[PDB]
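These notes concern the structure reproduced below.
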Amino acid sequence: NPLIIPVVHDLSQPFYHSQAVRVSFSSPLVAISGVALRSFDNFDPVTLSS
Amino acid sequence: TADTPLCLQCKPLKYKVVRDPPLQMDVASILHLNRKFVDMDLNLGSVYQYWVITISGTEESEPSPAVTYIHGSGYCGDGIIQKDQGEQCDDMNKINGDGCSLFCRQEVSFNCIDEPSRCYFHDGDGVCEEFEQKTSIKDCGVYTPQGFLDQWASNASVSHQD
């Protein structure tokens with residue numbers, strides 16, 4: 001039920017700061033209770049790679 | 001051929017050169033069939049602006065853009081590079097086929113390294129330069145991006161060593 005989507009990303013491409021999540025569906029019976037976003041509590045790779 | 005019998009009846013158009021200090025009446029009244037102009041009455045310090053109109057018959061066309069010439073200073077054919085006037089190179093060629101054009105600008109993928117502006121082609125050359133790193137990847141090696149760093153192999157082993 002808490003479906004997890006692994007973000008696919010190449011390290012050769014520079015990182016990006018995610019801001020919003022759009023979920024699209026065409027069937028009317030899909031009901032969403034809540035979306036989330038998993039990040040690193042250790043390091044942030046955007047503030048250093050300016 | 002060099003002398004066709006059909007273009008003999010066409011009268012060529014003429015050019016008249018006007019200077020910002022006015023010349024004498026014996027110089028400004030003549031018309032030049034060719035595009036070559038020489039004058040003798042000059043001063044060592046005063047500047048001169050030249051512009052040439054192109055007449056066909058009695059009608060006079062619009063003037064050319066003026067060129068500022070100093071009898072003491074240089075120009076784009078003197079052989080001395082003057083970077084205060086925007087000259088990247090200065091030779092005596094007056095030919096666009098060379099690495100340095102007649103408008104005192106070097107061509108694409110060329111570099112001139114001397115006072116009379118002899119220029120060489122650097123893309124196929126085997127010597128890396130300061131500016132050649134980010135443009136020519138085929139001479140200075142692989143371009144390391146500003147956010148990353150490349151590290152090459154050390155103590156590498158192969159399979160079919162011979």
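Scheme for the structure tokens: letters A, B, ... for chains in order shown; per-chain residue numbers from 1; ligand numbers from 1 in order shown.
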Name the residues in contact with residue A:35 at a cut-off of 9 Å, using only C-alpha atoms, excluding same-chain residues fewer than 6 positions from it; report them as a PyMOL selection string. chain A and resi 2+21+23
Identify every residue of chain A that has at least one atom within 10 Å of any atom of chain B, counting only C-alpha atoms, and report the result as a ChimeraX atom specification. /A:11-14,48-50
Near-residue B:110 list (8 Å; only C-alpha atoms; drop same-chain fewer than 5 positions) as an mmCIF file with N, CA, C and O atoms, in the first residue's frame:
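Heads up, here's the output in part.cif:
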```
data_model
loop_
_atom_site.group_PDB
_atom_site.id
_atom_site.type_symbol
_atom_site.label_atom_id
_atom_site.label_comp_id
_atom_site.auth_asym_id
_atom_site.auth_seq_id
_atom_site.Cartn_x
_atom_site.Cartn_y
_atom_site.Cartn_z
ATOM 1 N N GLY B 99 44.902 33.201 -42.061
ATOM 2 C CA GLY B 99 44.375 33.090 -40.712
ATOM 3 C C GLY B 99 43.971 34.411 -40.094
ATOM 4 O O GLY B 99 43.128 34.427 -39.193
ATOM 5 N N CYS B 119 50.306 33.220 -38.345
ATOM 6 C CA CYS B 119 49.283 32.436 -37.676
ATOM 7 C C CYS B 119 49.389 30.975 -38.084
ATOM 8 O O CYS B 119 49.867 30.640 -39.170
ATOM 9 N N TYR B 120 48.929 30.102 -37.192
ATOM 10 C CA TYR B 120 49.007 28.667 -37.411
ATOM 11 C C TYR B 120 47.684 28.024 -37.023
ATOM 12 O O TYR B 120 46.906 28.571 -36.237
ATOM 13 N N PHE B 121 47.444 26.847 -37.588
ATOM 14 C CA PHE B 121 46.233 26.080 -37.336
ATOM 15 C C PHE B 121 46.480 25.144 -36.161
ATOM 16 O O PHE B 121 47.475 24.414 -36.142
ATOM 17 N N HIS B 122 45.582 25.175 -35.174
ATOM 18 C CA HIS B 122 45.836 24.526 -33.896
ATOM 19 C C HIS B 122 44.963 23.311 -33.610
ATOM 20 O O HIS B 122 45.211 22.627 -32.611
#
```
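As for atom CA of residue B:144 and atom CA of residue A:15, they are spaced 17.2 Å apart.
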Spatial neighbours of residue A:20, 10 Å, only C-alpha atoms, chain gap at least 2 places, as a PDB file with N, CA and C atoms, in the first residue's frame:
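What follows is the written file around-v2.pdb:
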```pdb
ATOM      1  N   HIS A  17      17.235  19.680  -6.958  1.00  0.00           N
ATOM      2  CA  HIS A  17      16.438  19.819  -5.743  1.00  0.00           C
ATOM      3  C   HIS A  17      14.971  19.601  -6.091  1.00  0.00           C
ATOM      4  N   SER A  18      14.411  18.489  -5.624  1.00  0.00           N
ATOM      5  CA  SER A  18      13.010  18.189  -5.886  1.00  0.00           C
ATOM      6  C   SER A  18      12.105  19.111  -5.079  1.00  0.00           C
ATOM      7  N   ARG A  22       3.904  15.160  -8.916  1.00  0.00           N
ATOM      8  CA  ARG A  22       2.651  15.057  -9.648  1.00  0.00           C
ATOM      9  C   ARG A  22       2.333  13.588  -9.885  1.00  0.00           C
ATOM     10  N   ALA A  36       4.898  11.116  -0.529  1.00  0.00           N
ATOM     11  CA  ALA A  36       6.050  11.445   0.297  1.00  0.00           C
ATOM     12  C   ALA A  36       7.286  11.583  -0.578  1.00  0.00           C
ATOM     13  N   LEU A  37       8.426  11.787   0.077  1.00  0.00           N
ATOM     14  CA  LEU A  37       9.698  11.969  -0.610  1.00  0.00           C
ATOM     15  C   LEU A  37      10.816  11.569   0.341  1.00  0.00           C
TER      16      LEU A  37
END
```
DSSP-assigned strand (DSSP E) members of stretch 3-159 of chain B, reported as a list in words: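 For stretch 3-159 of chain B, the strand (DSSP E) set is residues 14, 15, 16, 17, 18, 19, 47, 48, 49, 50, 51, 52, 53, 54, 55, 67, 68, 69, 70, 111, 112, 119 and 120 of chain B.
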Expected file contents, prior selection, C-alpha atoms, as a PDB file, in the first residue's frame:
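So again-v9.pdb came out as:
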```
ATOM      1  CA  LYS B  14      33.814  55.951 -61.869  1.00  0.00           C
ATOM      2  CA  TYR B  15      34.763  56.815 -58.293  1.00  0.00           C
ATOM      3  CA  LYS B  16      35.473  60.164 -56.630  1.00  0.00           C
ATOM      4  CA  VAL B  17      37.203  60.299 -53.238  1.00  0.00           C
ATOM      5  CA  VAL B  18      36.306  63.109 -50.812  1.00  0.00           C
ATOM      6  CA  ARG B  19      38.470  63.902 -47.779  1.00  0.00           C
ATOM      7  CA  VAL B  47      43.977  63.034 -39.003  1.00  0.00           C
ATOM      8  CA  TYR B  48      42.069  62.567 -42.257  1.00  0.00           C
ATOM      9  CA  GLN B  49      38.661  61.029 -42.944  1.00  0.00           C
ATOM     10  CA  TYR B  50      38.244  59.453 -46.385  1.00  0.00           C
ATOM     11  CA  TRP B  51      35.017  58.473 -48.133  1.00  0.00           C
ATOM     12  CA  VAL B  52      34.501  57.597 -51.803  1.00  0.00           C
ATOM     13  CA  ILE B  53      31.336  58.180 -53.823  1.00  0.00           C
ATOM     14  CA  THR B  54      30.587  56.040 -56.886  1.00  0.00           C
ATOM     15  CA  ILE B  55      29.150  57.896 -59.880  1.00  0.00           C
ATOM     16  CA  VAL B  67      37.908  55.819 -42.663  1.00  0.00           C
ATOM     17  CA  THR B  68      40.035  57.727 -40.140  1.00  0.00           C
ATOM     18  CA  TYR B  69      43.716  57.688 -41.121  1.00  0.00           C
ATOM     19  CA  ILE B  70      46.610  59.143 -39.120  1.00  0.00           C
ATOM     20  CA  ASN B 111      46.103  31.729 -33.547  1.00  0.00           C
ATOM     21  CA  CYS B 112      48.795  34.312 -34.304  1.00  0.00           C
ATOM     22  CA  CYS B 119      49.283  32.436 -37.676  1.00  0.00           C
ATOM     23  CA  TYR B 120      49.007  28.667 -37.411  1.00  0.00           C
TER      24      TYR B 120
END
```
What is the atom CA of residue A:29 to atom CA of residue A:4 distance in Å? 19.9 Å
Between B:88, B:43, B:56, B:151, which one has atoms that come closest to residue B:100, using only C-alpha atoms? B:88
Choose the residue, out of B:103, B:20, B:13, B:45, that has the smallest atom-to-atom separation from residue B:32; count only C-alpha atoms.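 Comparing B:103, B:20, B:13, B:45 against residue B:32, the winner is B:13.
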Run DSSP on the backbone and tell me which residues of stretch 2-162 of chain B come out as alpha helix (DSSP H); list them as a count of residues only. 4
